[PDB]
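Asker: Quick one: the structure is below, and I'll ask about it shortly.
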Amino acid sequence: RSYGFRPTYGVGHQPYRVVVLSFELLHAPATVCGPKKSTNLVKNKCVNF
Amino acid sequence: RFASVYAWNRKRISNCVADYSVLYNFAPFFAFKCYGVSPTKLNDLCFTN
Amino acid sequence: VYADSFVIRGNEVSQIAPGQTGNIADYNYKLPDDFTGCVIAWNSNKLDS
Amino acid sequence: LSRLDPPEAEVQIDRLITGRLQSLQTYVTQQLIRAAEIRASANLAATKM
Amino acid sequence: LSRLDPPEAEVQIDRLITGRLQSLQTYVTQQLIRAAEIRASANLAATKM
């Protein structure tokens, strides 16, 4: 069945468009990440990582 | 002509089949807030009135 | 990540959500119960009528 | 479960699960205390015999 | 905490707080009962000695 769209129709019957971005998180090799600068490495000292 | 708030009408319905997915054509709206019952499941429930 | 878009009627904007049933979602497009994304819905009458 | 859809049915039944777990915990704690009480009388009876 | 904003992050973590508190309470109650059990055997050993 096909829709019939006309400007006479008000809200509810007025056509809508839906855009979906769907992530997925997993403990797998990450390939997408945001614009954040990397840093160097330190060893044997209590640090944040 | 819809009745004013100070005098509203009411109809009590009984002794008939309960089909509820057909009302989408005879009344324009946007929400269909069926808080109590899932709309698609009304085909099976038996109601008092 | 996945990106997609499609056009529907405005009566069922809330029908694209986990656990939503009905002919407009059961046989057209239904989300999984554990969806996690950025759903965007726009009233497209200037460009889709 | 036959009255509502899963997305809020699970919200409704979470409280039932928590309440029944609390009741079972109370029952087992009371039984443990009563058993500890009975053991002393059993030991006294053994000594008397 | 790094995944969601505070207003619903606190809602999410409230359940964790409650569950962990319940677990700790169960642990300490069991330890109290076991200690009460052990004390009787200690007293019996003292009398035998």
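Lettering and numbering for the structure tokens are positional, with chains as A, B, ... in the shown order, residues counted from 1 in each chain, and ligands counted from 1 in the shown order.
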Can you superpose chain E onto chain D by least squares over all C-alpha atoms paired in order and give the moved copy as a PDB file with N, CA, C and O atoms, in the first residue's frame?
Answerer:
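Output (out24.pdb):
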```pdb
ATOM      1  N   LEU E   1       2.130  -9.889  32.322  1.00  0.00           N
ATOM      2  CA  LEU E   1       2.815 -10.147  31.060  1.00  0.00           C
ATOM      3  C   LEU E   1       1.855 -10.148  29.877  1.00  0.00           C
ATOM      4  O   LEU E   1       2.238  -9.743  28.775  1.00  0.00           O
ATOM      5  N   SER E   2       0.612 -10.595  30.073  1.00  0.00           N
ATOM      6  CA  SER E   2      -0.354 -10.581  28.977  1.00  0.00           C
ATOM      7  C   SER E   2      -1.099  -9.253  28.924  1.00  0.00           C
ATOM      8  O   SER E   2      -1.954  -9.040  28.056  1.00  0.00           O
ATOM      9  N   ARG E   3      -0.799  -8.356  29.859  1.00  0.00           N
ATOM     10  CA  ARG E   3      -1.549  -7.114  29.990  1.00  0.00           C
ATOM     11  C   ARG E   3      -0.778  -5.942  29.391  1.00  0.00           C
ATOM     12  O   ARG E   3      -1.371  -5.033  28.801  1.00  0.00           O
ATOM     13  N   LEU E   4       0.543  -5.946  29.539  1.00  0.00           N
ATOM     14  CA  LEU E   4       1.404  -4.882  29.041  1.00  0.00           C
ATOM     15  C   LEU E   4       2.540  -5.440  28.190  1.00  0.00           C
ATOM     16  O   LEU E   4       2.865  -6.629  28.241  1.00  0.00           O
ATOM     17  N   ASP E   5       3.138  -4.556  27.395  1.00  0.00           N
ATOM     18  CA  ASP E   5       4.296  -4.881  26.579  1.00  0.00           C
ATOM     19  C   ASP E   5       5.555  -4.968  27.440  1.00  0.00           C
ATOM     20  O   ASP E   5       5.599  -4.423  28.545  1.00  0.00           O
ATOM     21  N   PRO E   6       6.598  -5.640  26.949  1.00  0.00           N
ATOM     22  CA  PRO E   6       7.801  -5.886  27.769  1.00  0.00           C
ATOM     23  C   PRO E   6       8.423  -4.626  28.356  1.00  0.00           C
ATOM     24  O   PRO E   6       8.783  -4.631  29.545  1.00  0.00           O
ATOM     25  N   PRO E   7       8.579  -3.531  27.587  1.00  0.00           N
ATOM     26  CA  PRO E   7       9.421  -2.425  28.088  1.00  0.00           C
ATOM     27  C   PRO E   7       8.997  -1.858  29.433  1.00  0.00           C
ATOM     28  O   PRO E   7       9.866  -1.447  30.212  1.00  0.00           O
ATOM     29  N   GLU E   8       7.700  -1.807  29.734  1.00  0.00           N
ATOM     30  CA  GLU E   8       7.257  -1.429  31.071  1.00  0.00           C
ATOM     31  C   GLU E   8       6.770  -2.607  31.902  1.00  0.00           C
ATOM     32  O   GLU E   8       6.650  -2.474  33.126  1.00  0.00           O
ATOM     33  N   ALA E   9       6.498  -3.757  31.280  1.00  0.00           N
ATOM     34  CA  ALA E   9       6.182  -4.946  32.063  1.00  0.00           C
ATOM     35  C   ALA E   9       7.355  -5.337  32.946  1.00  0.00           C
ATOM     36  O   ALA E   9       7.170  -5.733  34.103  1.00  0.00           O
ATOM     37  N   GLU E  10       8.575  -5.233  32.417  1.00  0.00           N
ATOM     38  CA  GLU E  10       9.748  -5.537  33.229  1.00  0.00           C
ATOM     39  C   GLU E  10       9.895  -4.548  34.382  1.00  0.00           C
ATOM     40  O   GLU E  10      10.254  -4.938  35.501  1.00  0.00           O
ATOM     41  N   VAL E  11       9.599  -3.269  34.137  1.00  0.00           N
ATOM     42  CA  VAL E  11       9.613  -2.287  35.218  1.00  0.00           C
ATOM     43  C   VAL E  11       8.605  -2.667  36.292  1.00  0.00           C
ATOM     44  O   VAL E  11       8.897  -2.602  37.493  1.00  0.00           O
ATOM     45  N   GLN E  12       7.402  -3.068  35.878  1.00  0.00           N
ATOM     46  CA  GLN E  12       6.377  -3.440  36.846  1.00  0.00           C
ATOM     47  C   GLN E  12       6.793  -4.654  37.666  1.00  0.00           C
ATOM     48  O   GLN E  12       6.583  -4.686  38.883  1.00  0.00           O
ATOM     49  N   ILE E  13       7.394  -5.662  37.024  1.00  0.00           N
ATOM     50  CA  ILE E  13       7.686  -6.905  37.736  1.00  0.00           C
ATOM     51  C   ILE E  13       9.000  -6.870  38.499  1.00  0.00           C
ATOM     52  O   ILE E  13       9.248  -7.762  39.326  1.00  0.00           O
ATOM     53  N   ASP E  14       9.850  -5.869  38.257  1.00  0.00           N
ATOM     54  CA  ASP E  14      11.073  -5.749  39.042  1.00  0.00           C
ATOM     55  C   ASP E  14      10.769  -5.603  40.528  1.00  0.00           C
ATOM     56  O   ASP E  14      11.452  -6.198  41.375  1.00  0.00           O
ATOM     57  N   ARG E  15       9.751  -4.808  40.868  1.00  0.00           N
ATOM     58  CA  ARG E  15       9.390  -4.636  42.272  1.00  0.00           C
ATOM     59  C   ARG E  15       8.923  -5.949  42.885  1.00  0.00           C
ATOM     60  O   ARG E  15       9.243  -6.251  44.040  1.00  0.00           O
ATOM     61  N   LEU E  16       8.168  -6.743  42.125  1.00  0.00           N
ATOM     62  CA  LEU E  16       7.754  -8.052  42.615  1.00  0.00           C
ATOM     63  C   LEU E  16       8.962  -8.939  42.889  1.00  0.00           C
ATOM     64  O   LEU E  16       9.026  -9.615  43.927  1.00  0.00           O
ATOM     65  N   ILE E  17       9.933  -8.940  41.973  1.00  0.00           N
ATOM     66  CA  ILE E  17      11.131  -9.757  42.168  1.00  0.00           C
ATOM     67  C   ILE E  17      11.847  -9.342  43.446  1.00  0.00           C
ATOM     68  O   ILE E  17      12.233 -10.185  44.269  1.00  0.00           O
ATOM     69  N   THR E  18      12.028  -8.033  43.633  1.00  0.00           N
ATOM     70  CA  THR E  18      12.733  -7.551  44.818  1.00  0.00           C
ATOM     71  C   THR E  18      11.991  -7.915  46.097  1.00  0.00           C
ATOM     72  O   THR E  18      12.606  -8.358  47.078  1.00  0.00           O
ATOM     73  N   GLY E  19      10.669  -7.735  46.111  1.00  0.00           N
ATOM     74  CA  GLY E  19       9.910  -8.049  47.310  1.00  0.00           C
ATOM     75  C   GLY E  19       9.993  -9.517  47.676  1.00  0.00           C
ATOM     76  O   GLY E  19      10.188  -9.873  48.844  1.00  0.00           O
ATOM     77  N   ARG E  20       9.853 -10.392  46.680  1.00  0.00           N
ATOM     78  CA  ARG E  20       9.902 -11.819  46.972  1.00  0.00           C
ATOM     79  C   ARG E  20      11.291 -12.246  47.434  1.00  0.00           C
ATOM     80  O   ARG E  20      11.420 -13.082  48.340  1.00  0.00           O
ATOM     81  N   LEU E  21      12.346 -11.671  46.845  1.00  0.00           N
ATOM     82  CA  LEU E  21      13.689 -11.971  47.329  1.00  0.00           C
ATOM     83  C   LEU E  21      13.862 -11.541  48.779  1.00  0.00           C
ATOM     84  O   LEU E  21      14.433 -12.282  49.591  1.00  0.00           O
ATOM     85  N   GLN E  22      13.370 -10.350  49.127  1.00  0.00           N
ATOM     86  CA  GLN E  22      13.479  -9.887  50.506  1.00  0.00           C
ATOM     87  C   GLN E  22      12.749 -10.826  51.458  1.00  0.00           C
ATOM     88  O   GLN E  22      13.254 -11.150  52.545  1.00  0.00           O
ATOM     89  N   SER E  23      11.561 -11.283  51.060  1.00  0.00           N
ATOM     90  CA  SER E  23      10.798 -12.196  51.904  1.00  0.00           C
ATOM     91  C   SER E  23      11.549 -13.506  52.127  1.00  0.00           C
ATOM     92  O   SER E  23      11.613 -14.020  53.254  1.00  0.00           O
ATOM     93  N   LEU E  24      12.132 -14.061  51.061  1.00  0.00           N
ATOM     94  CA  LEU E  24      12.884 -15.305  51.213  1.00  0.00           C
ATOM     95  C   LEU E  24      14.088 -15.117  52.127  1.00  0.00           C
ATOM     96  O   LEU E  24      14.398 -15.995  52.946  1.00  0.00           O
ATOM     97  N   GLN E  25      14.791 -13.990  51.991  1.00  0.00           N
ATOM     98  CA  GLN E  25      15.941 -13.747  52.855  1.00  0.00           C
ATOM     99  C   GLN E  25      15.524 -13.683  54.317  1.00  0.00           C
ATOM    100  O   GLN E  25      16.193 -14.257  55.191  1.00  0.00           O
ATOM    101  N   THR E  26      14.414 -13.000  54.605  1.00  0.00           N
ATOM    102  CA  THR E  26      13.932 -12.948  55.981  1.00  0.00           C
ATOM    103  C   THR E  26      13.614 -14.343  56.505  1.00  0.00           C
ATOM    104  O   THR E  26      13.967 -14.691  57.643  1.00  0.00           O
ATOM    105  N   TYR E  27      12.958 -15.160  55.678  1.00  0.00           N
ATOM    106  CA  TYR E  27      12.601 -16.508  56.110  1.00  0.00           C
ATOM    107  C   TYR E  27      13.840 -17.323  56.455  1.00  0.00           C
ATOM    108  O   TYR E  27      13.893 -17.981  57.504  1.00  0.00           O
ATOM    109  N   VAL E  28      14.853 -17.290  55.586  1.00  0.00           N
ATOM    110  CA  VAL E  28      16.025 -18.123  55.847  1.00  0.00           C
ATOM    111  C   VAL E  28      16.795 -17.621  57.061  1.00  0.00           C
ATOM    112  O   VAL E  28      17.348 -18.424  57.822  1.00  0.00           O
ATOM    113  N   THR E  29      16.845 -16.303  57.282  1.00  0.00           N
ATOM    114  CA  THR E  29      17.527 -15.799  58.473  1.00  0.00           C
ATOM    115  C   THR E  29      16.832 -16.270  59.748  1.00  0.00           C
ATOM    116  O   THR E  29      17.487 -16.718  60.705  1.00  0.00           O
ATOM    117  N   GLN E  30      15.499 -16.188  59.776  1.00  0.00           N
ATOM    118  CA  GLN E  30      14.778 -16.661  60.954  1.00  0.00           C
ATOM    119  C   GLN E  30      15.006 -18.149  61.177  1.00  0.00           C
ATOM    120  O   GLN E  30      15.186 -18.595  62.320  1.00  0.00           O
ATOM    121  N   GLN E  31      15.004 -18.937  60.100  1.00  0.00           N
ATOM    122  CA  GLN E  31      15.246 -20.367  60.252  1.00  0.00           C
ATOM    123  C   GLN E  31      16.639 -20.642  60.800  1.00  0.00           C
ATOM    124  O   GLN E  31      16.816 -21.535  61.638  1.00  0.00           O
ATOM    125  N   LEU E  32      17.644 -19.893  60.341  1.00  0.00           N
ATOM    126  CA  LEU E  32      18.994 -20.088  60.864  1.00  0.00           C
ATOM    127  C   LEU E  32      19.051 -19.810  62.358  1.00  0.00           C
ATOM    128  O   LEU E  32      19.655 -20.578  63.121  1.00  0.00           O
ATOM    129  N   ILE E  33      18.421 -18.720  62.800  1.00  0.00           N
ATOM    130  CA  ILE E  33      18.455 -18.401  64.226  1.00  0.00           C
ATOM    131  C   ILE E  33      17.742 -19.477  65.041  1.00  0.00           C
ATOM    132  O   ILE E  33      18.227 -19.898  66.102  1.00  0.00           O
ATOM    133  N   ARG E  34      16.587 -19.949  64.564  1.00  0.00           N
ATOM    134  CA  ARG E  34      15.870 -20.986  65.304  1.00  0.00           C
ATOM    135  C   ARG E  34      16.671 -22.280  65.372  1.00  0.00           C
ATOM    136  O   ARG E  34      16.669 -22.965  66.401  1.00  0.00           O
ATOM    137  N   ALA E  35      17.351 -22.645  64.283  1.00  0.00           N
ATOM    138  CA  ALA E  35      18.175 -23.848  64.304  1.00  0.00           C
ATOM    139  C   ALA E  35      19.315 -23.715  65.302  1.00  0.00           C
ATOM    140  O   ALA E  35      19.638 -24.668  66.026  1.00  0.00           O
ATOM    141  N   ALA E  36      19.946 -22.540  65.348  1.00  0.00           N
ATOM    142  CA  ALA E  36      20.991 -22.315  66.341  1.00  0.00           C
ATOM    143  C   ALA E  36      20.437 -22.442  67.753  1.00  0.00           C
ATOM    144  O   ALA E  36      21.123 -22.935  68.655  1.00  0.00           O
ATOM    145  N   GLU E  37      19.201 -21.992  67.968  1.00  0.00           N
ATOM    146  CA  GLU E  37      18.574 -22.162  69.278  1.00  0.00           C
ATOM    147  C   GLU E  37      18.366 -23.636  69.608  1.00  0.00           C
ATOM    148  O   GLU E  37      18.627 -24.076  70.731  1.00  0.00           O
ATOM    149  N   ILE E  38      17.886 -24.413  68.635  1.00  0.00           N
ATOM    150  CA  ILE E  38      17.548 -25.815  68.886  1.00  0.00           C
ATOM    151  C   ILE E  38      18.801 -26.637  69.169  1.00  0.00           C
ATOM    152  O   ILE E  38      18.767 -27.594  69.959  1.00  0.00           O
ATOM    153  N   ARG E  39      19.917 -26.296  68.520  1.00  0.00           N
ATOM    154  CA  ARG E  39      21.135 -27.082  68.699  1.00  0.00           C
ATOM    155  C   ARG E  39      21.580 -27.106  70.159  1.00  0.00           C
ATOM    156  O   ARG E  39      22.074 -28.129  70.647  1.00  0.00           O
ATOM    157  N   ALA E  40      21.422 -25.988  70.870  1.00  0.00           N
ATOM    158  CA  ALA E  40      21.824 -25.948  72.273  1.00  0.00           C
ATOM    159  C   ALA E  40      21.008 -26.923  73.111  1.00  0.00           C
ATOM    160  O   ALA E  40      21.555 -27.627  73.971  1.00  0.00           O
ATOM    161  N   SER E  41      19.698 -26.978  72.876  1.00  0.00           N
ATOM    162  CA  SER E  41      18.857 -27.929  73.591  1.00  0.00           C
ATOM    163  C   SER E  41      19.227 -29.362  73.237  1.00  0.00           C
ATOM    164  O   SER E  41      19.191 -30.250  74.096  1.00  0.00           O
ATOM    165  N   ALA E  42      19.579 -29.610  71.975  1.00  0.00           N
ATOM    166  CA  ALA E  42      20.021 -30.948  71.596  1.00  0.00           C
ATOM    167  C   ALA E  42      21.284 -31.346  72.348  1.00  0.00           C
ATOM    168  O   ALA E  42      21.400 -32.479  72.830  1.00  0.00           O
ATOM    169  N   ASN E  43      22.239 -30.423  72.464  1.00  0.00           N
ATOM    170  CA  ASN E  43      23.465 -30.714  73.203  1.00  0.00           C
ATOM    171  C   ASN E  43      23.177 -30.963  74.677  1.00  0.00           C
ATOM    172  O   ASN E  43      23.770 -31.860  75.293  1.00  0.00           O
ATOM    173  N   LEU E  44      22.279 -30.173  75.267  1.00  0.00           N
ATOM    174  CA  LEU E  44      21.923 -30.389  76.666  1.00  0.00           C
ATOM    175  C   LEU E  44      21.278 -31.753  76.866  1.00  0.00           C
ATOM    176  O   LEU E  44      21.563 -32.446  77.848  1.00  0.00           O
ATOM    177  N   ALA E  45      20.397 -32.154  75.947  1.00  0.00           N
ATOM    178  CA  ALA E  45      19.785 -33.474  76.048  1.00  0.00           C
ATOM    179  C   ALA E  45      20.830 -34.574  75.924  1.00  0.00           C
ATOM    180  O   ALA E  45      20.763 -35.584  76.630  1.00  0.00           O
ATOM    181  N   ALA E  46      21.798 -34.398  75.024  1.00  0.00           N
ATOM    182  CA  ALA E  46      22.861 -35.388  74.894  1.00  0.00           C
ATOM    183  C   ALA E  46      23.656 -35.517  76.185  1.00  0.00           C
ATOM    184  O   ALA E  46      23.971 -36.631  76.622  1.00  0.00           O
ATOM    185  N   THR E  47      23.987 -34.387  76.812  1.00  0.00           N
ATOM    186  CA  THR E  47      24.721 -34.437  78.073  1.00  0.00           C
ATOM    187  C   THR E  47      23.905 -35.115  79.166  1.00  0.00           C
ATOM    188  O   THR E  47      24.434 -35.930  79.932  1.00  0.00           O
ATOM    189  N   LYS E  48      22.612 -34.795  79.254  1.00  0.00           N
ATOM    190  CA  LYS E  48      21.766 -35.431  80.261  1.00  0.00           C
ATOM    191  C   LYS E  48      21.695 -36.934  80.048  1.00  0.00           C
ATOM    192  O   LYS E  48      21.755 -37.708  81.009  1.00  0.00           O
ATOM    193  N   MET E  49      21.567 -37.367  78.793  1.00  0.00           N
ATOM    194  CA  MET E  49      21.522 -38.798  78.511  1.00  0.00           C
ATOM    195  C   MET E  49      22.841 -39.471  78.856  1.00  0.00           C
ATOM    196  O   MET E  49      22.855 -40.605  79.342  1.00  0.00           O
TER     197      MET E  49
END
```
Asker: Could you name the residues that touch region 14-27 of chain A at 10 Å or less, counting only C-alpha atoms, but leaving out those on the same chain fewer than 6 positions away, as a ChimeraX atom specification?
Answerer: /A:3-8 /C:1-13,16,35-49
Asker: Could those residues be written to a file, using N, CA, C and O atoms, as a compact mmCIF listing (two decimals), in the first residue's frame?
Answerer:
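Generated output (result-v2.txt):
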```
# COMPACT_ATOMS: atom_id res chain seq x y z
N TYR A 3 1.35 5.56 0.27
CA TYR A 3 0.84 6.76 0.92
C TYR A 3 0.35 7.77 -0.11
O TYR A 3 0.82 7.80 -1.25
N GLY A 4 -0.60 8.60 0.32
CA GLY A 4 -1.01 9.74 -0.47
C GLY A 4 -0.82 11.02 0.31
O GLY A 4 -1.50 11.25 1.32
N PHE A 5 0.11 11.87 -0.12
CA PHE A 5 0.51 13.05 0.63
C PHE A 5 0.08 14.31 -0.10
O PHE A 5 0.32 14.46 -1.30
N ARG A 6 -0.57 15.22 0.64
CA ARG A 6 -1.09 16.47 0.11
C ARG A 6 -0.91 17.54 1.17
O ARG A 6 -1.05 17.26 2.37
N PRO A 7 -0.60 18.78 0.77
CA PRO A 7 -0.44 19.85 1.77
C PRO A 7 -1.70 20.13 2.58
O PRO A 7 -1.60 20.74 3.65
N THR A 8 -2.87 19.73 2.09
CA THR A 8 -4.10 19.92 2.86
C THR A 8 -4.05 19.13 4.16
O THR A 8 -4.64 19.55 5.17
N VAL C 1 29.91 1.87 13.28
CA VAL C 1 28.63 2.56 13.30
C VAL C 1 27.91 2.33 11.98
O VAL C 1 28.53 2.10 10.94
N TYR C 2 26.58 2.41 12.04
CA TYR C 2 25.72 2.34 10.88
C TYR C 2 24.90 3.62 10.79
O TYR C 2 24.52 4.19 11.81
N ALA C 3 24.63 4.05 9.57
CA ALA C 3 23.80 5.22 9.31
C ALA C 3 22.73 4.85 8.30
O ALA C 3 23.00 4.16 7.31
N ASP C 4 21.50 5.30 8.55
CA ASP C 4 20.42 5.01 7.62
C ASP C 4 19.32 6.06 7.76
O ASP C 4 19.30 6.84 8.71
N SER C 5 18.43 6.08 6.78
CA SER C 5 17.35 7.05 6.72
C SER C 5 16.17 6.45 5.96
O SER C 5 16.36 5.68 5.02
N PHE C 6 14.96 6.82 6.39
CA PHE C 6 13.77 6.41 5.64
C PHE C 6 12.61 7.33 5.99
O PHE C 6 12.60 7.99 7.02
N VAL C 7 11.62 7.35 5.10
CA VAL C 7 10.49 8.27 5.18
C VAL C 7 9.24 7.49 5.57
O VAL C 7 8.98 6.41 5.03
N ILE C 8 8.49 8.02 6.54
CA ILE C 8 7.25 7.39 7.00
C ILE C 8 6.19 8.46 7.18
O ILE C 8 6.40 9.64 6.85
N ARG C 9 5.03 8.06 7.69
CA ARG C 9 4.01 9.01 8.09
C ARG C 9 4.26 9.49 9.52
O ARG C 9 4.93 8.82 10.32
N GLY C 10 3.73 10.66 9.84
CA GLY C 10 3.95 11.26 11.14
C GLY C 10 3.15 10.65 12.28
O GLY C 10 3.43 10.95 13.44
N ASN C 11 2.17 9.80 11.97
CA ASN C 11 1.35 9.20 13.01
C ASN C 11 2.11 8.18 13.85
O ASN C 11 1.65 7.83 14.94
N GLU C 12 3.26 7.70 13.37
CA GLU C 12 3.95 6.59 14.01
C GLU C 12 5.40 6.94 14.33
O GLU C 12 6.27 6.06 14.33
N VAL C 13 5.68 8.21 14.63
CA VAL C 13 7.05 8.63 14.91
C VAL C 13 7.58 7.89 16.14
O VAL C 13 8.73 7.42 16.15
N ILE C 16 9.01 3.87 16.13
CA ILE C 16 10.39 3.38 15.91
C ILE C 16 11.09 3.47 17.26
O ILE C 16 11.79 4.42 17.59
N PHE C 35 18.36 -1.23 21.68
CA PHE C 35 18.88 -0.23 20.76
C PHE C 35 19.64 0.86 21.52
O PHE C 35 19.30 1.21 22.65
N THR C 36 20.67 1.39 20.87
CA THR C 36 21.46 2.49 21.44
C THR C 36 21.99 3.34 20.29
O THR C 36 22.94 2.96 19.60
N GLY C 37 21.36 4.49 20.08
CA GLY C 37 21.75 5.36 18.99
C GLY C 37 21.25 6.78 19.13
O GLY C 37 20.97 7.24 20.24
N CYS C 38 21.12 7.49 18.00
CA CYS C 38 20.63 8.87 17.97
C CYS C 38 19.52 8.99 16.93
O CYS C 38 19.76 9.36 15.79
N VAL C 39 18.29 8.67 17.35
CA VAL C 39 17.15 8.74 16.44
C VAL C 39 16.74 10.19 16.25
O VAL C 39 16.59 10.94 17.22
N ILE C 40 16.54 10.59 15.00
CA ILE C 40 16.15 11.95 14.66
C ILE C 40 14.93 11.87 13.75
O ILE C 40 14.94 11.13 12.76
N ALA C 41 13.88 12.63 14.08
CA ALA C 41 12.66 12.66 13.29
C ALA C 41 12.33 14.10 12.93
O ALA C 41 12.31 14.97 13.80
N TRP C 42 12.06 14.35 11.65
CA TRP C 42 11.76 15.69 11.17
C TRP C 42 10.48 15.68 10.36
O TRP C 42 10.19 14.74 9.61
N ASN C 43 9.70 16.76 10.50
CA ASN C 43 8.45 16.93 9.76
C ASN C 43 8.81 17.44 8.37
O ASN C 43 9.08 18.63 8.17
N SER C 44 8.80 16.54 7.40
CA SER C 44 9.26 16.85 6.05
C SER C 44 8.05 17.05 5.13
O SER C 44 7.57 16.13 4.47
N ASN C 45 7.56 18.28 5.11
CA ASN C 45 6.49 18.66 4.20
C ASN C 45 6.98 19.57 3.09
O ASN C 45 6.39 19.59 2.00
N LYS C 46 8.05 20.33 3.33
CA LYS C 46 8.58 21.22 2.30
C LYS C 46 9.28 20.46 1.20
O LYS C 46 9.42 20.97 0.08
N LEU C 47 9.74 19.24 1.48
CA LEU C 47 10.56 18.48 0.54
C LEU C 47 10.02 17.08 0.24
O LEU C 47 10.62 16.38 -0.57
N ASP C 48 8.93 16.66 0.87
CA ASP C 48 8.40 15.31 0.68
C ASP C 48 6.89 15.35 0.45
O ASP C 48 6.14 14.55 1.00
N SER C 49 6.44 16.29 -0.37
CA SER C 49 5.03 16.38 -0.72
C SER C 49 4.90 17.15 -2.02
O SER C 49 5.76 17.95 -2.39
```
Asker: Determine, counting only C-alpha atoms, which protein, DNA and RNA residues have an atom within 10 Å of an atom of residue 15 (chain B); residues of the same chain fewer than 3 positions away are not included. Present the result as a PyMOL selection string.
Answerer: chain B and resi 18+48-49
Asker: Set the cut-off to 10 Å and count only C-alpha atoms: what are the residues of chain A that reach chain B? Output as a VMD selection string.
Answerer: chain A and resid 9 to 13
Asker: Atoms to include: N, CA and C atoms. Write the selected residues as a tab-separated table (two decimals), in the first residue's frame.
Answerer:
```
chain	number	residue	atom	x	y	z
A	9	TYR	N	-3.37	17.99	4.16
A	9	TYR	CA	-3.26	17.18	5.36
A	9	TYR	C	-2.49	17.92	6.44
A	10	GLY	N	-2.97	17.81	7.68
A	10	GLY	CA	-2.35	18.47	8.81
A	10	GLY	C	-1.32	17.59	9.50
A	11	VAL	N	-1.10	17.87	10.78
A	11	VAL	CA	-0.18	17.06	11.56
A	11	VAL	C	-0.72	15.64	11.70
A	12	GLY	N	0.18	14.71	11.99
A	12	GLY	CA	-0.17	13.30	12.07
A	12	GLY	C	-0.06	12.60	10.73
A	13	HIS	N	-0.79	13.09	9.73
A	13	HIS	CA	-0.69	12.58	8.37
A	13	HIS	C	0.37	13.31	7.55
```
Asker: Identify which of the residues C:26, C:20, C:32, C:14 lies closest to chain D, counting only C-alpha atoms when measuring atom-to-atom distances.
Answerer: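 Of C:26, C:20, C:32, C:14, the one nearest chain D, counting only C-alpha atoms, is C:20.
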Asker: Of the candidates B:6, B:47, B:33, B:39, which shows the shortest atom-to-atom distance to residue 21 (chain B), using only C-alpha atoms?
Answerer: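 Distance minimum relative to residue 21 (chain B) lands on B:39.
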Asker: Find the residues in chain C near chain D: any atom within 9 Å counts, using only C-alpha atoms. Write them as a ChimeraX atom specification.
Answerer: /C:18-21,33
Asker: For N, CA and C atoms, I'd like the residues from the last selection saved as a PDB file, in the first residue's frame.
Answerer:
```
ATOM      1  N   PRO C  18      12.320   0.475  20.739  1.00  0.00           N
ATOM      2  CA  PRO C  18      12.303  -0.921  21.194  1.00  0.00           C
ATOM      3  C   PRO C  18      10.992  -1.268  21.880  1.00  0.00           C
ATOM      4  N   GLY C  19      10.495  -2.471  21.599  1.00  0.00           N
ATOM      5  CA  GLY C  19       9.251  -2.938  22.173  1.00  0.00           C
ATOM      6  C   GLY C  19       7.995  -2.403  21.519  1.00  0.00           C
ATOM      7  N   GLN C  20       8.117  -1.588  20.476  1.00  0.00           N
ATOM      8  CA  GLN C  20       6.953  -1.052  19.788  1.00  0.00           C
ATOM      9  C   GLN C  20       6.433  -2.071  18.785  1.00  0.00           C
ATOM     10  N   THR C  21       5.141  -2.361  18.853  1.00  0.00           N
ATOM     11  CA  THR C  21       4.498  -3.324  17.972  1.00  0.00           C
ATOM     12  C   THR C  21       3.470  -2.615  17.095  1.00  0.00           C
ATOM     13  N   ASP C  33      15.353  -4.739  21.105  1.00  0.00           N
ATOM     14  CA  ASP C  33      15.012  -4.309  22.457  1.00  0.00           C
ATOM     15  C   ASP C  33      16.153  -3.596  23.170  1.00  0.00           C
TER      16      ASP C  33
END
```
Asker: When DSSP works through the backbone of this structure, what residues of chain A end up as strand (DSSP E or B), shown as an MDAnalysis selection string?
Answerer: chainID A and resid 15:22
Asker: Let's have the selection written as an mmCIF file, in the first residue's frame, with N, CA, C and O atoms.
Answerer:
```cif
data_model
loop_
_atom_site.group_PDB
_atom_site.id
_atom_site.type_symbol
_atom_site.label_atom_id
_atom_site.label_comp_id
_atom_site.auth_asym_id
_atom_site.auth_seq_id
_atom_site.Cartn_x
_atom_site.Cartn_y
_atom_site.Cartn_z
ATOM 1 N N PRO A 15 3.896 13.979 6.213
ATOM 2 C CA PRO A 15 4.998 13.015 6.125
ATOM 3 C C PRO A 15 6.189 13.429 6.979
ATOM 4 O O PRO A 15 6.461 14.614 7.175
ATOM 5 N N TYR A 16 6.901 12.426 7.488
ATOM 6 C CA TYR A 16 8.074 12.631 8.319
ATOM 7 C C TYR A 16 9.239 11.841 7.744
ATOM 8 O O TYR A 16 9.049 10.828 7.065
ATOM 9 N N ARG A 17 10.449 12.317 8.017
ATOM 10 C CA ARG A 17 11.670 11.615 7.657
ATOM 11 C C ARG A 17 12.466 11.294 8.916
ATOM 12 O O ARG A 17 12.590 12.134 9.816
ATOM 13 N N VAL A 18 13.001 10.076 8.980
ATOM 14 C CA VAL A 18 13.696 9.574 10.157
ATOM 15 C C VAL A 18 15.121 9.214 9.765
ATOM 16 O O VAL A 18 15.339 8.450 8.813
ATOM 17 N N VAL A 19 16.083 9.762 10.504
ATOM 18 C CA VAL A 19 17.507 9.510 10.319
ATOM 19 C C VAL A 19 18.030 8.838 11.581
ATOM 20 O O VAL A 19 17.837 9.351 12.690
ATOM 21 N N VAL A 20 18.689 7.692 11.418
ATOM 22 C CA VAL A 20 19.167 6.909 12.548
ATOM 23 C C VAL A 20 20.665 6.684 12.404
ATOM 24 O O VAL A 20 21.132 6.191 11.369
ATOM 25 N N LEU A 21 21.412 7.063 13.439
ATOM 26 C CA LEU A 21 22.782 6.623 13.645
ATOM 27 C C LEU A 21 22.790 5.587 14.759
ATOM 28 O O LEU A 21 22.306 5.857 15.864
ATOM 29 N N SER A 22 23.337 4.409 14.469
ATOM 30 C CA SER A 22 23.369 3.299 15.416
ATOM 31 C C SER A 22 24.816 2.877 15.627
ATOM 32 O O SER A 22 25.462 2.370 14.705
#
```
